[PDB]
Structures are given as C-alpha cells and as structure tokens.
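A single chain, nothing else alongside it, follows as structure tokens in the form deposited in one PDB entry.
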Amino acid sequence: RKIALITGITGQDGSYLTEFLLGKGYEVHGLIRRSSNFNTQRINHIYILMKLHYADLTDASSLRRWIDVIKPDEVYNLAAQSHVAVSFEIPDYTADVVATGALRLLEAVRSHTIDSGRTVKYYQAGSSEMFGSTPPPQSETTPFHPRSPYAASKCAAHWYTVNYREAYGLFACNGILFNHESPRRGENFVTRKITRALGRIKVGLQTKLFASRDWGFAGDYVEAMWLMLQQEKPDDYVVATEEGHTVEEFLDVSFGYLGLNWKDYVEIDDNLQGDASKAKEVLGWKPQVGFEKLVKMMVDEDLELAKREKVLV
C-alpha cells in the first residue's frame, strides 16, 4: 500500500488530493497546524486510512520526525501562507514558510532517504504568480518576475526543488499551477467571495455583495499533481485551462444560475495566459470540469450552505 504525506492537507488542494489518493488505495498522512479553533473543516467528513499529525513548516524537526515515522512514498508540499495581499503584511513569515519551509521539507526528505536508503517522490506546489509581469505565453521555461513577497518566495521554493533534482537526483517535480477554485476555496478569494454572497442573498440572509484569470477546478488539478509523480522522470509542468473569463462573466453565470440578476446586488468598490501543452502531452492531463460547471458547482454548495444558515435562524 503506497503511503503519501501531504503538507497543507487542511487547505483546498489538500482536501481534494486526500480524497483522490484514497480512491487510489493510498495510505494518506497529513501535517496540520495546531490552532485555537476547529481547523479541519475541509476534511472532517473524511476523518469520520487518513492520519493527521501536528507539524509546522517553520519547524524542521517536526518535518523530519513525521517523515521518519511515516516513511512516505510520495510527499506533496502544498503548505503555504497562500494569500498574496497578506504576504505584503507578513513578508518574513511568508518567506519562512513558502521559501525556506519548502527547503526544509526537501532537506528533511533527502536526509531521510540517505539515512534509511529509501526512495521518495516529491511534489512542490508552484504558482503562476511566479511569472508575475512576464508577458505571455507563460510555459515551464518562462522567466519569473514575481510581484509580491509570496510570489518571490514561491520562485525560491521552485528553484530549491529544481536544485535538489539536479544536484541529488531527487524525484522532485514542480507543479506550476494557475488559479484553481472549488466550493472549498477560501472565502478570501474572489470566486468564493461571490458564490458565498449569492447563496446568502438567495436565502435572504444577505443584502449586498461587495485583471482576468485562468480558473480551473481544484479537483482536476490535484490529479495532475499525482500524474506528475507517476512518470519515469521528474519534471516541471504548467497546469492551466488556457482559457480566460471575467468576474462579471462569473457573476452572470453564478447569479443567472439561481435566476437572479447580478445588477440587483452587485456593489462596486494581472495577465496570466499559461501554456499547459507539456501537461497535456506528457501527463495526458485534461481538465474534466469547465468554467460553467465549476461556477454552478460552487453556487450549488454555497446555496446548500446558506440554507443550513436559514434553517438555524
């Protein structure tokens, strides 16, 4: 039975990757941060073959400890302070987690394989944010011009990973993923912010609702992560839908799906075009969920959520 270790398992991607690997018969171990409040909202339904362990990317000891006890076959580093805006607020912390944290995991894995003679496949959660202002089309080889501490930190993590591959021959893959959403997307993100409101509005619990992007479904993307680690050789891959859409187009589809006009609730207050050819060719990966289905999917779940709220009220 293959064993997988996931950092950032409580996040959006972690929650889906967990379900995916389980369906694959994998034994899944995830590292979680201690917090004063419930923090396993995305994987609660799963917990009730999945083990959770306390750890932190800023604590190298905690990382090596669990890798030694778990002896994973595949390690997915999805953990990070993933909010771009917030990264300007806590740059040091973000760098320590996103950049150095990644290096700690890499070094913990390399050290482990040398001490135990074992083999480990590694995945680094890269981001299209690394490209920054570089003009399209952005592929695996496009140069980075990060525009935030978060992006710069991901660039560093990307390079530490590549370095461990070329220097030690570690099976380390960099998934350069573009924006992906889902019903579990953090509410601090535009797509989820919108669908959350709509559900509330429809239920009548809410009154008002406060650069284009390549949005894909988180469920599809984690599959590409797994595919990367199943190839013969380690490599870096861009994962995107290669299509664009606007927040308004999102509003129309979202609100239109529930028979509401967005102009009755809307309250007015970069340029990434990825080439995922390599992913399609080498991994045979293809998004099986389009923009429309993704939106209506988010809307349905957020409505079910609003109703749960109306019932309580």
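Residue positions are given as counts along the sequence shown, with the first one as 1. What we label the rigid core is the largest C-alpha set whose atoms superpose within 1.5 Å from one form to the other.
Q: I want to verify a possible break: how many residues of the deposited sequence sit between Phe210 and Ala211 without any coordinates (none, 1 to 3, 4 to 9, 10 or more)?
A: Missing residues, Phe210 to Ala211: 4 to 9.
Q: As recorded in the PDB entry, how many deposited residues are without coordinates between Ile48 and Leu49: none, 1 to 3, 4 to 9, or 10 or more?
A: The entry has 4 to 9 unmodelled residues between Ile48 and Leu49.
Q: Between 277-285 and 254-262, name whichever shows the higher mean Cα B factor according to the PDB entry.
A: Higher mean C-alpha B-factor: 254-262.
Q: Taking only the CA atoms, which stretch has the higher mean B-factor in the record, 128-136 or 72-80?
A: Higher mean C-alpha B-factor in the PDB entry: 128-136.
Q: Going by the CA temperature factor in the entry, name the top one among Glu181, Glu107, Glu232, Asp92.
A: Top of the list by C-alpha B-factor: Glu232.
Q: Place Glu292 in the lowest, middle or highest third of its chain's C-alpha B-factors, as listed in the PDB entry.
A: Its C-alpha B-factor, which the entry lists for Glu292, ranks in the highest third among residues of this chain.
Q: Tell me, lowest, middle or highest third: where does the Cα B factor of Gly204 rank within its chain?
A: Highest third of the chain for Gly204's C-alpha B-factor.
Q: Considering every modelled residue of the chain and its Cα B-factor in the PDB entry, is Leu57 in the lowest, middle or highest third?
A: Ranked within chain, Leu57 CA B lands in the lowest tercile.
Q: For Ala99, return the chain-relative third of its C-alpha B-factor as stated in the PDB record: lowest, middle or highest.
A: It falls in the bottom third of the chain.
Q: Would the CA B-factor of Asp13 place it in the lowest, middle or highest third of its chain?
A: Lowest third.
Another form, the form deposited in another entry, is not on view; read the next lines as being about it.
Q: Select from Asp252, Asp275, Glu27, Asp56 the only position whose Cα moves 2 Å or more between this form and the one not shown when the core is aligned.
A: The displaced C-alpha is that of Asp252.
Q: Could you check whether the CA atom of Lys121 moves 2 Å or more between this form and the one not shown, using the rigid core for the fit?
A: No, shifts by less than 2 Å.
Q: Does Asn39 shift between this form and the one not shown by 2 angstroms or more at the C-alpha, the core having been superposed?
A: Not so; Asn39 is displaced by less than 2 Å.
Q: Verify the C-alpha shift of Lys263 between this form and the one not shown: is it 2 Å or more after superposing the core?
A: The answer is yes, as the C-alpha of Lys263 shifts between this form and the one not shown by 2 Å or more after core alignment.
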